[PDB]
Each structure stands twice: as C-alpha cells, then as structure tokens.
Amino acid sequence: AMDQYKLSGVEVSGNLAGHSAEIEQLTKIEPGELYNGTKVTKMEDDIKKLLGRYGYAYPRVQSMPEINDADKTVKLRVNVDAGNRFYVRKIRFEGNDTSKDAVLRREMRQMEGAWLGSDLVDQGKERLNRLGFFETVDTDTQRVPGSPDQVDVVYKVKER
C-alpha cells in the first residue's frame, strides 16, 4: 500500500465556481505529510463544505493517487465539480407541535429567494436550539423537482 509515502502535491482542476484560490488553500500540504486515504476523503469533504457555504449543495470531488516510486511520493490528482448553484424556494418547519411556524421563521437567517448558504442554514439552527423549546433541530436541503437551481430547506424539530 501507500500509507508510508509523502504527498508531493494536490493538482486541482474542474469547475470551481470562482473559488480556485480558496480551494488551493485547502489543498496545500503539511510538513512531512504522508499519503492517507482517510485524509483524502476529509479533504474532499472539506472542499464540498466550502462550496456549500456558497449554495453549491451537491458538488462533486473525485481524486486519484499518482505514485512516483523514484521519490517515494504520491501526487493527488483532483477533480472538482461545483455543480448547480441553488437558491432557496421555501423554508419549511416540522415537529413543530406547540409553536406557530412564526416562532421558528422569525429566527431564520437563510432567506427565501436568496442563494443557499449552509452557514445561514446553520445559524438558523443555532438560533432555534438557543431558545430552549427543542431537544433536537436538524436541517435537510431538498431539491425542487423539475428545478435545476431551487431547494427547499426543511427544519425538522423535536420539542422537549
């Protein structure tokens, strides 16, 4: 296997949605960093999370090791596809048995008709968590059928 080799670099290409600089930062190598499958998926996951902050809800990242035996190093060839950028059509609430939807909507930071922003969906979640009513608060981003660029954000809530 390759867990003993050193990462010589990460070469990224594809459709980066204008975020090549940030994706380069994420992609830089650490001192004496070894090749590792797990850190590779963690890297793919970090890239998707980043693009998600910009409304690219379903981005792809594939990556392929190029072993160089002369150097005992491995280079990561990486393809990024940001995919469609989504805006929010509807924000929806569930589990919501005591309080009018108004009580939750009022805490949103992600607005209908705006570009989707995972951090915005998250802030909504923390504002929800923070008023005590709920045991759990989870979010789901659902594509609107027939739509290439619309999602609904569902806040699934469970009261105490």
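Residues carry their position along the shown sequence, with the first being 1.
- Stretches compared: 122-130, 49-57. Higher mean C-alpha B-factor in the entry: 122-130.
- Higher mean CA temperature factor, per the PDB entry, when comparing 97-105 with 113-121: 97-105.
- In this PDB entry, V10 carries a Cα temperature factor that places it within the middle third of its chain's modelled residues.
- In the PDB entry, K72 places in the highest third of its chain by CA B-factor.
- Among the modelled residues of its chain, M43 has a C-alpha B-factor that falls in the middle third according to the deposited record.
- When the CA B factors of the chain's modelled residues are split into thirds, the value for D152 lands in the lowest one.
- Sort the modelled residues of the chain by CA B factor and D138 lands in the highest third.
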